[PDB]
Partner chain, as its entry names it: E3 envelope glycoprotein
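To begin, one chain is listed below as structure tokens, in the form deposited without the partner chain.
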């Protein structure tokens, strides 16, 4: 039995008392409960049950409809280059670029959410981004990734993009909104992935030498890797305040607004209803909409919520890094001629091919060179023997007669 905590009580993680539709009923309370169990071993059992909605007023069961995106949201964050070198509050802000995959695949994290609509429904042809105060829908086709030239996007899900990029010094992620306006974010990133094996090739072969390599799996499933999430900070909005003749009028519009004025009387407060600040000017006041019903990635580009302390949750992420196999081509066997304690090879590489050799005695004297084009190599074969490795081929061994 795995146990979770709620205020002064303990309960089974998979069975919170709020069920069914914990989040739909009380969004703030559900997220607060999840944050209180972040360190508990049964946190993911609680996350699954709390973010699943199978209501009573329904014929069928939707007990497998766990959707983490009902609690999370796309956001606006700092980007140093939104185009032409100018910084902006970007709806496609770059968070982190991961390049641990030896196959060259890049795992990119952005402020928007791909494959999710504003109503939380999953749709691969759609994308959701933060448009001013409210999230909006955009096309997946308009999404692009580029370094020095365009990238091949291999997978997209939520805040994550998988891409195969050519050599570059910057990384750009962009999209086209509903109003046909292009939005992009550029970060300095040195991309020049190392060679898998001993041959620098362009296209992936169907057959070849099986070599160990790592990749970010194209599986949409989120089971191993994770990110930290928390409630967003107060969202500043000047449009909430208006000048009522010669005073300040704060219109909430069915929202929870935190206000503060540089005037006397009831100048501050967390209001759910409309408030008026008499003998005050609109410039002397600060107004912001609170977000206690939603979760957001623990972004260093967004400020922390001042009200709550170190309160945080965690969510599983798609495309984890995994050990796989990479197929590499084997360079064609060279034309070999012999001489007294000497081997002559006529190398004809189709791409950069690594040539290495060593003596099979006490003094190996290891030597290596990357063969770019047609080159004749003269090698001395000692009495002990000579071992020659030409690209991804198995080592050739030579001995004198």
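Positions refer to the first chain, counted from 1.
Form deposited with the partner chain bound: not shown, discussed below.
Trainee: In the deposited bound form, is there a heavy atom of the partner chain that lies within 4.5 Å of any heavy atom of residue 231, even though the partner is absent here?
Mentor: Flag for residue 231 set to yes.
Trainee: If we define contact as a non-hydrogen atom of the residue within 4.5 angstroms of the partner, is residue 370 a contact of the partner chain in the deposited bound form?
Mentor: No, residue 370 is distant from the partner.
Trainee: Using a 4.5 Å heavy atom cut-off, state whether residue 345 contacts the partner chain in the deposited bound form.
Mentor: So residue 345 does not count as contacting the partner chain.
Trainee: Taking heavy atoms and a 4.5 Å cut-off, does residue 294 contact the partner chain in the deposited bound form?
Mentor: Residue 294 belongs to the contact set for the partner chain.
Trainee: Okay, which stretch from 286 to 294, 244 to 252, 173 to 181, 147 to 155 lines the partner chain in the deposited bound form, with non-hydrogen atoms inside 4.5 Å?
Mentor: After filtering at 4.5 Å, what remains is 286 to 294.
Trainee: Looking at 140, 204, 117, 312 here, can you tell me which has any non-hydrogen atom within 4.5 angstroms of the partner chain in the deposited bound form?
Mentor: Answer to the contact question: 312.
Trainee: Would you mind checking 65 to 99 for residues with a heavy atom within 4.5 Å of the partner chain in the deposited bound form?
Mentor: Going through 65 to 99 in order - heavy atoms within 4.5 Å of the partner chain in the deposited bound form - the hits are 65, 66, 67, 68, 70, 71.
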